[PDB]
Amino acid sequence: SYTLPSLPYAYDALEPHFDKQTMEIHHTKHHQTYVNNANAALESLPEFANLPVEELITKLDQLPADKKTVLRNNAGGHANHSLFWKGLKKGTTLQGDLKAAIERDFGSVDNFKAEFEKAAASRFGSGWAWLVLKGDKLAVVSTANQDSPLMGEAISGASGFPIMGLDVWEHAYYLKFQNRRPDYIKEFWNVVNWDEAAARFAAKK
């Protein structure tokens, strides 16, 4: 069964960028719920239950028809937020191979950020914006609700190994930014953990 992962920090660690009140609720309420609903659905699926959530979401089509939707939403939700927590930290600097790779595939860090911001801002409704690695090339893609590029094109409309990502569901930014999602996206640049992204990139490049 899945468990709510402990965070790499206290809820107020991303202040004054991401509000601690949201961090706590996002963690203990929203993320906990994805874990509970996922476990409920996995109760009658012993073989699928052993898999780490990241591997499960890559096999949604092998699940019984009546299990696909509930797990797609909740396993996706568990996997996305687990990655999200580790993908946040103050004081990091984009550098090394990840910086060079971005400049290589996007032309420059600026083209990258502008493209990411647009993807993040144009995602209508609930969803995520991602920086993924497709084989040997990085790209910016977005998914609806709790879908993940790890689920593949057929299901999520996107694909690739997620290096980093931004949650754009309104619950991730409403208490502090309300409708102003663009300001929330700007703040994200102050808390995206480039060291973790660099770590994931070194493992997959």
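Note that residue numbering follows the sequence shown and begins at 1.
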Item to complete: Would you mind comparing 41-49 and 57-65 for me and telling me which has the higher average C-alpha temperature factor in the entry?
Response: 57-65
Fill in: Between 136-144 and 167-175 (mean CA B-factor, as deposited), the higher
136-144
Worksheet item: Which one of 108, 82, 73, 93 shows the top CA temperature factor in the record?
Response: 108
Worksheet item: Among the chain's modelled residues, which third holds the C-alpha B-factor of residue 151?
Response: middle
Worksheet item: Comparing residue 131 with the other modelled residues of its chain, is its CA B-factor in the lowest, middle or highest third?
Response: lowest
Worksheet entry | Ranked against its chain, the third holding the CA B-factor of residue 88 | lowest
Worksheet item: Going by what the PDB entry lists, where does residue 78 fall on CA B-factor within its chain: lowest, middle or highest third?
Response: lowest
Fill in: CA B-factor placement of residue 21, once the chain's modelled residues are sorted into thirds
highest
